[PDB]
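Beneath this line is the structure, given in structure tokens, with notes to follow.
Neighbour counts are summed over all protein chains in view; Cβ atoms, including those assigned to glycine, are modelled from backbone coordinates with ideal geometry. Since every read-out is calculated from the coordinates, none of them should be taken as a lab result.
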Amino acid sequence: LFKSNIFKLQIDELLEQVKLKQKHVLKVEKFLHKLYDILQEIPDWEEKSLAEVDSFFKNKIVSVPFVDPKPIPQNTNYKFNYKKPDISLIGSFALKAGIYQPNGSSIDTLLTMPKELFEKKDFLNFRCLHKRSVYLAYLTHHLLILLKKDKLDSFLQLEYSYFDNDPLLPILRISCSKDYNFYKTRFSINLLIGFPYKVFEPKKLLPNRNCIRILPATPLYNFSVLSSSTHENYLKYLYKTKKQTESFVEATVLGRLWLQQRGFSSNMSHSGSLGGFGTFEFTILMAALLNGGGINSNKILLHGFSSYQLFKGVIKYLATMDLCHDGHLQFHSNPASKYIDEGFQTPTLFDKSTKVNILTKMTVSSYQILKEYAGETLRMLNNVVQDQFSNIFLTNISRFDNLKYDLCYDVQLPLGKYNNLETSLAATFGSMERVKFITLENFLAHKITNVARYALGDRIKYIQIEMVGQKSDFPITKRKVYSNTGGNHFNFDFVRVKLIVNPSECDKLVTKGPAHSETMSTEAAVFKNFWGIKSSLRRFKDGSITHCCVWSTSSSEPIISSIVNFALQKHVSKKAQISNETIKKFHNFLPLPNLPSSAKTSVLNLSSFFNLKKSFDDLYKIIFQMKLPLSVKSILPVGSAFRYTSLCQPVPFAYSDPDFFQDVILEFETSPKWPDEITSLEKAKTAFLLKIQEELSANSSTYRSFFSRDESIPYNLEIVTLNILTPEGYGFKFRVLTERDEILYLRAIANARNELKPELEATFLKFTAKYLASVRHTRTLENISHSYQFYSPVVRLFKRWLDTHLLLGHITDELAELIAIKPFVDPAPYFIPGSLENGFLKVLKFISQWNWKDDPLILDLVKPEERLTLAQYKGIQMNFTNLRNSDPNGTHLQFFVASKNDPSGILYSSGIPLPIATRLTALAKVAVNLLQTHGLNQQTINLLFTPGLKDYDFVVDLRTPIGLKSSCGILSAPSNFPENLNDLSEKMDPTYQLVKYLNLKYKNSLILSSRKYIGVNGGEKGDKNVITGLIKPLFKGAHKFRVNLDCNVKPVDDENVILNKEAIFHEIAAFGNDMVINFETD
Amino acid sequence: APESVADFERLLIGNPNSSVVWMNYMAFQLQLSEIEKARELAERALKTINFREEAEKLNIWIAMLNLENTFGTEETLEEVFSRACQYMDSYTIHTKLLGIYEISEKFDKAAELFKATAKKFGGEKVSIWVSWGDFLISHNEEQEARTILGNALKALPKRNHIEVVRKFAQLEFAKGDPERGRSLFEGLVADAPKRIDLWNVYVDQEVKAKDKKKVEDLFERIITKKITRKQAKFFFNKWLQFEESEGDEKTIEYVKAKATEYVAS
RNA sequence: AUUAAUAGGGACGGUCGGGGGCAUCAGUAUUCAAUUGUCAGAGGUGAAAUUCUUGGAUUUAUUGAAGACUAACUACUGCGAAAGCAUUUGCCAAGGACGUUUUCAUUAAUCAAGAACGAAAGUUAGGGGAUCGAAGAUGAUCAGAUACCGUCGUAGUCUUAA
């Protein structure tokens, strides 16, 4: 009851957001009274032939919008005239479904044609359609004479158009430009002309029957023929269906809200776009759902139900009851709906009384694409925790082609004129091919979608071939939509191929096919022709035999990036060039790992990372069964290489990368004899690792040994990290753990006073995220990436886009990886993340509108259908509202990143300064705004890795002694270590510890941020960096006489002290005197 | 009809013992793709209905199971099963489940539902054995029903032997092997030729297979058995009834001469 | 406010029972099937007969499937309204005895009428079969119904001995 009532308050208020006033409909219907009066004086002329029609209109202003093919005098026997038609109302304003929209809409003022003006043979040879193209220009010829005489044409204009973006019915449009003034309502009047109800035979105008006899089945040509008669009877159904349901219009408004979010409307989809089923068909489906819906005409939706029940059930019927390849929908307007379990390889919504397909407007490419969003939106009505009203319609899903899809390429279609298509394309395009798909915009639209269907197949989730630059408008003094754009004579500039790829098959090299035999089978005939020399005989691993094709792997593009150029080369256009230059340079921003087949390694190739997990498992294999005084029970690494969170891919013998040694947290048996002192705690566990080193030194000469202290724990200086590098070249930093670590931390908090309790708590969080909650996040890090491996391709590069802009020095990699993993578990309203370009652009838009004060981060570590419950996630909401009492603007608690394991929100994002977080969002605001304004290009694509380092009182440019890019395992290498292992650190990043002391001493007056990965972020040499630093706001004013100001300040008077920048610039300069190259002082 | 969230709930104040409203409400709740309000409805109608109404209470467990048959889970339909096995009878919900699994297109679990109910209600009840008999011969497993029918003679006492072995015969005469169904009638009439309760149910079913060669042969030999006058004249009335339906009035003519001469003594 | 029947209901808490409903797990004993070693008998009887038996009857051992019950411990032992009641353990509800300066103050005693639990039992052949009527043959019903709505009619309903 809370899933409906909280939705109903989100439905009733949202319908009030788009509340159309009665003032806007007043002058719009009163202008129709000036339209109905002026049309009532439109007289009928005399009947004339086809030849006399072109004689009267060639010297007149009005011209006939004749569709292809135009009429010819050698085949024209009948006559043509104009008549006084019966105008009526249809659509949204006839069912009271209209609402306020800023972009505007069309008011479907229907004009029914006279029945006596059409012959019995009107349905064939385009006879009645030749009457409608002549009478619509004739009615525009009479009304423009009438509207000029009423002097309204100063702000009113007339032009040509088409109904529902279908070119088979010429129509005129009336609007208002900037008593009868409807320019304040912004409603356009579509002067639609329809034929009389079954004036031709509806049984002869079914889908399987043809009306171009010169036959093959014309499902789309009969769709424009038969549905021209159903404008009155089907509207009479939804007129009475509005009276039987209290929330028919309210749920169709939310149906109009949900369908407009993903690009679905009454625009046609066979012409190379997405659509064909929108507000018109959903209100028709709501009439079929409120009049039955079962397989034996049982009920699917209720009549007395509200908007919360009718909106969710219809789209779930659009998701769970198939209509494309498995079944079909039935309807009857003249008696229940009963779903037919046989499909026709397309969308087919059967009108049994009217014999026309109500789902004929959508093609096979646009039918299944809405169903993947339908099951996504119906699952949002099934969730019992999250609010899903804003996730449906108030979040625009149709903004960018790189957002809702995985990849979109610009394949220019320089096809030229229609008669030159014998040499332009490989296809034979004649009159019989142009019988049902007569418009040339539709003919290559499904052909290239089918040619890509053998190319990709199951490598994507859908197919969308988009016609970019194609409009629907024309002048009434012109013939149709003609253009000289793109060097061609088509109804588009070019075409773009868009698809959402599934990562488990999008980069497969072995293009699978059917089995071989003694004779070439019919299933093997098509695949052999489609590949040719690319098709060869290749056997399986278990002994099976089939015809298959091997592809080429690359580190900049997937396997389908060649096949989108391959399958478009053969059967689409020999001169068309398809290329995806956005995701090509995006993969070049990642680190190129020094391994074999590095340029031949796709983004899905994670074999190099798991091969480093083999050596550490071989390293732990000598550790686990070894006898010590204390036996081992836990041998696990919490490093970034085993969690796929390292910015550098794990290459052997790589000493220069900061993520070289994958961190290890190990545990011994339960022991009360551990000492209860902090210095004695790490003194004892290092002794058990000393004998474990003495077991590794005795009979394990393949692996090396060295010791180092980990100073990442504040106030703990007794800890020791065991560094063991194996014979292959992979090293691990081994640290022990027991039950005394959190014992010494919590006893340090309660015993200490109210003064020093905070810093020993944050240093306890340093012992929590590294020892207590280290393996807990490391278990779910490798686990849930098995549902979307593109998170491991993105979050390694999203930090690489963050490390280039001087952000790595203040935030940990876990909170950076959980930021890019928010569009994986909660990808709404977009699709599943499946590429590095899709993953980075999802993080670019989500971190832009990430207001850290009002909404915190609670991302479920759950695989595809382990998450926190409704009572548990509301407890995570309790951490936000109580912390915002003393930290309301995000100055003391900004990034609340929480999950099921750590609902405190401040695990990896506590102790960080707020001002770097303000630029972390500002670099997410300006980078995403540049994509929609200036477009997406490689000038802007590498610009996100280009920081200007402005707003800086300090900017230090430096250069190190040894360039260490090749030493870190980055192929622009690492083969062996030295004889003594102490000399291996001479090729490390010297600015890592040089900036580590920078934030250490001068924390109270300087804000030190720098790069920790200098090998990839140095350019060519792999040793260059830059540090941006800002002064504090409290030390920007004069501070009085005190001892503990902790600021490197000078004398300004006998009473005040101020931080003089002269010694402040030299203090970081005299430390890094060997690295002293340049320093900017303002 | 009741088609709103407020509509069917108001009828519960007027009709507390009516689970038929919640039987349409669970069809009205789960039709909107949210069966959690439909699983709430079968839970609510259990605590709203009167406990003296057993026709709606056992059907309430049959409603939540049949909803679980298409739209449920693996252990959720079984946790509702053992809840009905404590609040109500065991095998009567399982014989409901055997008919439900007959519609659920799960023949493997229905084979398991026939065997797991055979441990509980196979030894004492002769009812579900013929329910396994009709389900086997409809799937054309005629010897499989004949295999456990001998186990069904080893299942219960001597009173259920004349009851169950008759029940396998008319189940086979309908949809199975009627020659072994008549051999069961040949067995039940050779077991007791003085009990006409097996031969008459044979003579009703043999004249339901419309074989005048088979029926009048069992009619002529039954009059020469241990039968009294009422089983002589009225069994002739079944003979004149069978000879009427066939199409030869010669056998209808001498059937009154065969019975009246036998009474002449 | 006359007392709180060493009347009674009701309430707490410590107990206990082979109590009953459901469930849990454990135990020997039995039958049938798959199958090896081997047979002049095996079973039964006062002596026999009968029964199966180089169709291996019969003994041993193993596995599967199915049905029953808690011997010795174990009894003049408790419990259940009575009938009845025994492995380990639970769920739900019932109960002997217990103590309250706990609560009510007769709410209390026997029961016609009238209703609830419930110990044993359905076999052989003779006649009658008027009535009824399972077995089955049947037209409707609900989505589906071998049930509720209508019919013929078998065994039986009446009696005869074991």
TODO: At most 13 other Cβ atoms within 10 Å and a DSSP loop assignment: could you name the GluC sites (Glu not before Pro) in region A:339-435 that fit?
DONE: A:342
Task: Antiparallel DSSP beta bridges within chain A, as percent of all bridges there, nearest 5 - done: 75 percent
TODO: Sort the protein assembly as shown into rounded, prolate or oblate with this rule: let a ≥ b ≥ c be the square roots of the eigenvalues of the Cα gyration tensor; rounded if a/c is under 1.5, and if a/c is not under 1.5, prolate when a/b is larger than b/c, oblate otherwise.
DONE: oblate
Task: Flagged links, alpha-carbon separation over 22 Å, of A:312/B:47; B:125/B:230; B:233/B:258; A:361/A:471 - done: A:312/B:47; B:125/B:230
TODO: Assign unit charges at the C-beta atoms only (+1 for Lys and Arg, -1 for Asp and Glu), then state the dipole size of the protein assembly as shown relative to its Cα centre in Debye, rounded to the nearest 20.
DONE: 2900 debye
- [ ] At a Cα cut-off below 17 Å, give the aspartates and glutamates reachable from residue A:965, other chains included and same-chain residues fewer than 8 away excluded.
- [x] A:657, A:659, A:803, A:986, A:989, A:1020, A:1023
- [ ] Tell me the label-point distance for the pair residue A:607, residue A:538, using the 7 Å Cα-to-Cβ offset, in nm and rounded to one decimal.
- [x] 1.4 nm
Task: Pairs from A:204/A:436; A:8/A:925; A:691/A:733; A:198/A:447 whose Cα-Cα separation, in the structure shown, is over 24 Å - done: A:8/A:925; A:198/A:447
Open item on the list: Can you return the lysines within cross-link range of residue B:210? Criterion is Cα-Cα under 16 Å, with same-chain partners fewer than 8 residues away left out.
Closed with: B:175, B:238
Task: Added length on full extension, which subtracts the Cα-Cα distance from 0.36 nm per residue, residue A:691 to residue A:728 - done: 11.0 nm
Open item on the list: Going by amide H atoms built from the backbone, whose H comes under 5 Å of the H on residue A:416, apart from near neighbours?
Closed with: A:488, A:489
Task: Per DSSP, loop GluC sites (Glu not before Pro) in region A:1-102 with at most 16 further Cβ within 10 Å - done: A:41, A:46, A:47
Open item on the list: What distance in nm lies between label points placed 7 Å from Cα along the C-beta direction at residue B:227 and residue A:866?
Closed with: 7.6 nm
Open item on the list: For residue A:842, give me every one of the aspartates and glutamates with a C-alpha distance below 13 angstrom, ignoring sequence neighbours fewer than eight places off in its own chain.
Closed with: A:401, A:406, A:826
Open item on the list: Taking θ = phi - 60°, what integer Hz values does the Karplus form 6.51 cos²θ - 1.76 cosθ + 1.60 yield along region A:286-297, in sequence order, with x for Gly and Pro?
Closed with: 6, 6, 6, 6, 8, 9, x, x, x, 6, 10, 6
Task: region B:208-218 - phi-based ³J(HN,Hα) in whole Hz, Karplus 6.51/-1.76/1.60, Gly and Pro as x - done: 9, 8, 6, 9, 5, 5, 7, 6, 6, 5, 6
Task: Cα gyration tensor category, rounded, prolate or oblate, for region A:860-924 with a/c compared to 1.5 - done: oblate
Open item on the list: Modelling each spin label as a point 7 Å along the Cα-to-Cβ direction, I'd like the residue A:932/residue A:951 distance in nm, to one decimal.
Closed with: 2.1 nm
TODO: Assuming a ≥ b ≥ c are the square roots of the Cα gyration tensor eigenvalues, decide whether region A:11-66 counts as rounded (a/c under 1.5), prolate (otherwise, with a/b larger than b/c) or oblate.
DONE: prolate
- [ ] May I ask which residue of A:769, A:634, A:871 lies farthest towards the positive end of the charge dipole of region A:580-949, with charges of +1 (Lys, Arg) and -1 (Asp, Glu) on Cβ and the Cα centre as origin?
- [x] A:871
Open item on the list: As an exercise, identify the GluC sites (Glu not before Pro) in region B:77-116 lying in DSSP coil whose Cβ has no more than 13 other Cβ atoms within 10 Å.
Closed with: B:105
